[PDB]
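**Q** Take this structure first; my questions come after.
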Amino acid sequence: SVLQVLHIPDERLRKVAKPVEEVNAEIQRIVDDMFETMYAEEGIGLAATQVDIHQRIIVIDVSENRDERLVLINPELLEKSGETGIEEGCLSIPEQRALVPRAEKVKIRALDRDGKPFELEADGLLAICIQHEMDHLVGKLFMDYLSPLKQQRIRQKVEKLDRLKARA
Ligand SMILES: [Zn+2]
């Protein structure tokens with residue numbers, strides 16, 4: 001199923017996710033719906049809290065053939081180094097992009113879709129994607145890094161877009 005993605009300024013985007021107790025068929029359903037939703041809106045990453053499911057689950061797929069699926073359940077940042085930034089987007093902040101400071105390299109521990117643990121070292125776009133999605137799980141958005149003026153301007157942009165998109 002395709003789930004509805006929340007937009008700012010929805011307050012449910014600020015909730016802190018609980019860890020997944022047990023990776024069972026209900027969780028695997030959520031993972032599958034999250035991928036379906038992410039591909040349907042043309043995203044490369046999605047956190048559970050974006051679809052109003054407040055558990056520590058993330059899906060990523062940067063591939064163009066939509067077949068290098070990455071699932072992070074209960075991710076844990078083990079180490080990070082360096083600093084970078086690209087203009088990030090987000091399905092919760094429609095059509096807005098902004099450069100945000102990130103670590104360049106990241107090492108995480110997570111569970112996969114089967115509930116088996118794995119470690120992953122990432123750099124480049126992947127490292128940035130993981131950090132952006134892990135932020136979502138503790139109620140952080142990429143706009144939080146920007147000036148108050150930039151933040152307001154982003155909010156207004158989105159509110160205006162949702163105002164027009166709802167036609168009637
Ligand atoms: Zn996002």
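Going by the deposited numbering, the sequence shown opens with residue 1, and the numbers climb by one from there.
Ideal placement from N, C-alpha and C gives every residue a C-beta, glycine not left out.
(1) For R66, which residues from the same chain have a beta carbon less than 8 Å from its beta carbon, with the 5 sequence-adjacent residues on both sides left out?
(2) Of all residues in the structure, which have a C-beta closer than 6 Å to any heavy atom of ligand 1, taken in chain order?
(3) Using a Cβ-Cβ cutoff of less than 6 Å, which residues in the same chain neighbour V16 once the five nearest sequence positions on both sides are dropped?
(4) For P75, report the span of its beta strand (DSSP E) as first-last.
(5) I108: which of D123, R167 and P101 sits nearest, CA to CA?
(6) Between the Cα of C90 and the Cα atoms of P19, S81, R102 and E42, which residue gives the shortest distance?
(7) What first and last residue would you give for the alpha helix (DSSP H) that runs through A40?
(8) Between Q28 and the rest of its own chain, which residues show a CB-CB distance below 7 Å, the 5 nearest in sequence each way excluded?
(9) For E83 and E104, which I take to be in contact (beta-carbon distance under 8 Å), what is that distance rounded to the nearest angstrom?
**A** Reading off the structure:
(1) Here residue 66 refers to the residue found at position 66 when the sequence shown is read from its first residue. So the qualifying residues of the chain are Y39.
(2) In chain order, the residues positioned with their C-beta nearer than 6 Å to some heavy atom of ligand 1 are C90, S92, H132 and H136.
(3) Counting from 1 along the sequence shown, the entry for residue 16 is found at position 16. Same-chain partners within the cutoff: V138 and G139.
(4) Within the sequence shown, the letter at position 75 stands for residue 75. Going by DSSP, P75 is part of the beta strand (DSSP E) stretching over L70 to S81.
(5) Locating residue 108 in the sequence shown gives position 108, counting from the first residue. If we check each option's Cα against that of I108, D123 comes out closest.
(6) Mapped onto the sequence shown, residue 90 falls at position 90. Per the Cα distances, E42.
(7) Locating residue 40 in the sequence shown gives position 40, counting from the first residue. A25 to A40 is the extent of the alpha helix (DSSP H) around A40.
(8) Here residue 28 refers to the residue found at position 28 of the sequence shown. Cβ contact annotation for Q28 (same chain, cutoff 7 Å, sequence separation greater than five): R113, in chain order.
(9) In the sequence shown, the residue the question calls residue 83 occupies position 83. In the sequence shown, the residue the question calls residue 104 occupies position 104. About 6 Å separates the two Cβ atoms, so the contact holds.
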